[PDB]
Structure formats: C-alpha cells, structure tokens
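Enquirer: Provided hereafter are the protein sequence and its experimental coordinates.
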Amino acid sequence: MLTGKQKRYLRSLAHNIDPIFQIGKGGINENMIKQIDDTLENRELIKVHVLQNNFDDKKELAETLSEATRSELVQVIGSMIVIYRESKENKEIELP
C-alpha cells in the first residue's frame, strides 16, 4: 500500500508521535498486536515500541508486524517502529 515517497512524508509524522502499543522483548506477540490491531485500526499512523533490542532484528519483526498490521513500515526508530495502516477514515493523512 505505501510507496517510497509516502514513507518519507509519513515516516516524519509518526516520528514526533508516541507509541501506545509496546511489544515485549521476546519479539512480536499477537496479544500485543491484538491491542495494536484496534489501536492502528482506529488511527492512520502507528508508531510501535518493540523491545527486540537488536536493530536488524527489530526490522525483521516489521516483516511480521507490517504483514500482520496490513500496513507498511515507513521506518523504524531504535525500539520504535513507524508504520502506516491503510486508509479507512478520512484523517488528515498524506501519501503522494
């Protein structure tokens, strides 16, 4: 759904925002996504805080988080993941 140019614009949008769903250190747990699911299903931009600790590993989690969140990782900030879930509610979202 998201494309290169959309990631840059949106990647900054979720950068100054705070994560409301947090993944444990084990990796990505559905219980955590159960909340992220409703959390992101309501908003358009979701910045998640994952405790994978590893940097290249946190990205792999997006492979599972993005594919499960039906969204697209605009970027990953340390222990935070920046993703954009498809559009449903006309929120002031950009995506050229």
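Expert: Yep, that arrived. Numbers count the residues shown, from 1 in each chain.
Enquirer: Provide a complete list of residue ranges assigned to strands in this protein.
Expert: Assigned by DSSP state E, the strands in the chain fall at 22-23, 45-50, 71-77, 80-85.
Enquirer: Output the ones you listed in TSV; the columns should cover mean neighbour count.
Expert: Every residue, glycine included, has its C-beta placed from N, CA and C. Below are those laid out as TSV (neighbours: other CB atoms under 10 Å):
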stretch	mean neighbour count
strand 22-23	18
strand 45-50	23
strand 71-77	21
strand 80-85	25
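Enquirer: Which of those strands sits closest to residue 92?
Expert: Nearest to residue 92, of all those, is strand 45-50, at 10.3 Å by CB to CB.
Enquirer: by how many degrees do the closest one and strand 80-85 diverge?
Expert: Between strand 45-50 and strand 80-85, the angle comes out at 150 degrees (axes from the mean of the first three to the mean of the last three CA atoms, to 10 degrees).
Enquirer: List the contacts of strand 45-50.
Expert: Here strand 45-50 makes contact (CB atoms under 8 Å, 6 or more residues apart in numbering) with 10, 13-15, 17-19, 21-23, 28, 36, 39-40, 58, 61, 65, 69, 71, 77, 79-85, 93.
Enquirer: can you do 7 Å?
Expert: Contacting residues not belonging to strand 45-50 are listed as 10, 13-14, 17-19, 21-23, 36, 39-40, 58, 61, 65, 71, 79-85 [CB atoms under 7 Å, 6 or more residues apart in numbering].
Enquirer: go on, stretch 77-87?
Expert: 1-2, 10-11, 14-15, 19, 40-41, 44-51, 58, 62, 65-66, 69-76, 93.
Enquirer: Could you report the separation of the residue nearest to residue 85 when sequence neighbours are not counted from residue 16?
Expert: Using CB to CB, 6 or more residues apart in numbering and skipping residues adjacent in sequence, the residue nearest residue 85 is residue 71, 3.8 Å away. Applying CB to CB, to the nearest Å, the value for residue 71 to residue 16 is 19 Å.
Enquirer: could the strands of the chain go into TSV alongside distance to residue 6?
Expert: Shown next, in TSV, are these (distance: least, CB to CB, whole Å):
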stretch	distance to residue 6
strand 22-23	24
strand 45-50	11
strand 71-77	7
strand 80-85	7
